[PDB]
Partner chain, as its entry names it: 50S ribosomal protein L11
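A single chain, nothing else alongside it, follows as structure tokens in the form solved without the partner chain.
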């Protein structure tokens, strides 16, 4: 698809608009002093505007513009360019490819409840590092691990913008134990993997430590309940949003 970028406002260009539709324009977007006309392909136009084919970049970039703050009491997730006039705790997460998922939200909310200032936290499957950052904002000391190294520079970049500095490390539970035990572990994964890690979870946490598990589809919540009960944990709390569930356990 091609874009015909013109300078001016819609109100301003309103005259020559009719001619763009004739020329077969199927879309028009006023974007910061410029009017963008969309065509399947370039045509001949006396408007002396510039042509350019639309790419993924442009989409994401456009997606980036429609992005709105996300509430997750006591936090608000924001784009480095967002402005918030509230009393909620700000989290700035560059929309990069590595915080609007229902599970992240349940995680944040649960973290605020189970995290105490001075707690050592393990963000298992840190991704953007958002939860990691959140824990520091609550006064905790955190470690973020992920088997995917691709995400680690972004996470650290994110921490930076949030004026906080968690420890980030490529790996999984095992990569983490040397920095434990921890007071709390927060894991946004999936029901079956939790079920398999249940036993290693209790070894990562000091007695009384907390385990916050999310990324759980409602229809698979039973697997975690059983895995955790058997791993010796005790249920503490349950939260859901859509088809997603978060389960809180105490060791």
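Residue numbers count along the first chain shown, from 1.
Coordinates lacking for residue 98, a third or more of other entries = Counting only entries that model residues on both sides, residue 98 is unresolved in at least a third of them.
Missing coords for residue 56 in a third or more of other PDB entries = In at least a third of the comparable entries (those modelling both sides of it), residue 56 has no coordinates.
Please say, as none, 1 to 3, 4 to 9, or 10 or more, how many residues of the deposited sequence are without coordinates in the interval between residue 98 and residue 99.
-> In the record, 1 to 3 residues between residue 98 and residue 99 lack coordinates.
Which is higher on average in the deposited entry, the C-alpha temperature factors of 14-22 or of 232-240?
-> On average, C-alpha B-factors are higher across 14-22.
Comparing 122-130 with 99-107, which stretch shows the greater average C-alpha B-factor in the deposited entry?
-> Taking the mean C-alpha B-factor of 122-130 and of 99-107, the larger value falls to 99-107.
Among the candidates 192, 52, 66, 30, give the one with the maximum CA B-factor reported in the record.
-> The record points to 66.
Per the PDB entry, which option out of 45, 184, 216, 37 has the greatest Cα B factor?
-> Highest C-alpha B-factor among the listed residues goes to 45.
C-alpha B factor of residue 208, ranked within the chain: lowest, middle or highest third?
-> Its C-alpha B-factor belongs to the middle third of this chain's values.
Where does residue 168 sit by CA temperature factor within its chain: lowest, middle or highest third?
-> Middle third.
Compare the C-alpha B factor of residue 114 with those of the other modelled residues in its chain, then answer lowest, middle or highest third.
-> For residue 114, whose C-alpha B-factor we compare with every modelled residue in the chain, the answer is the lowest third.
Relative to the other modelled residues of the same chain, rank the CA B-factor of residue 88 and answer lowest, middle or highest third.
-> According to the entry, residue 88 has a C-alpha B-factor in the chain's highest third.
Considering only modelled residues of the same chain, in which third does the CA B-factor of residue 175 rank: lowest, middle or highest?
-> It falls in the top third of the chain.
What comes next is about the form solved in complex with the partner chain, which is not displayed.
Is residue 221 one of the residues lying within 4.5 Å of the partner chain in the deposited bound form, judged by heavy atom distances?
-> Contact with the partner chain, no.
Examine residue 31 and determine whether its closest non-hydrogen atom to the partner chain in the deposited bound form is within 4.5 angstroms.
-> Yes, residue 31 lies within 4.5 Å of the partner chain in the deposited bound form.
So in the deposited bound form, does residue 94 come within 4.5 Å of the partner chain, heavy atom to heavy atom?
-> Yes - in the deposited bound form, heavy atoms of residue 94 and the partner chain come within 4.5 Å of each other.
Report whether the minimum heavy atom distance between residue 174 and the partner chain in the deposited bound form is within 4.5 Å.
-> Output for residue 174 is no: heavy atoms all beyond 4.5 Å of the partner chain.
Of the options 229, 240, 236, 17, which one has a non-hydrogen atom that comes within 4.5 Å of the partner chain in the deposited bound form?
-> Of 229, 240, 236, 17, the residue with a heavy atom within 4.5 Å of the partner chain in the deposited bound form is 17.
Triple contact flag 21, 27 and 66 to the partner chain in the deposited bound form, non-hydrogen atom at 4.5 angstroms | Every residue of the spot touches the partner chain in the deposited bound form.
Hey, of 99-107, 112-120, 134-142, 174-182, which bit sits against the partner chain in the deposited bound form at 4.5 Å between non-hydrogen atoms?
-> Flagged stretch: 99-107.
Quick one: which residues from 141-177 get a non-hydrogen atom within 4.5 Å of the partner chain in the deposited bound form?
-> Residue within 4.5 Å: 148 only.
Two-part rigid split between the shown form and the other one: residue 25, residue 85 together = Different rigid bodies, so no.
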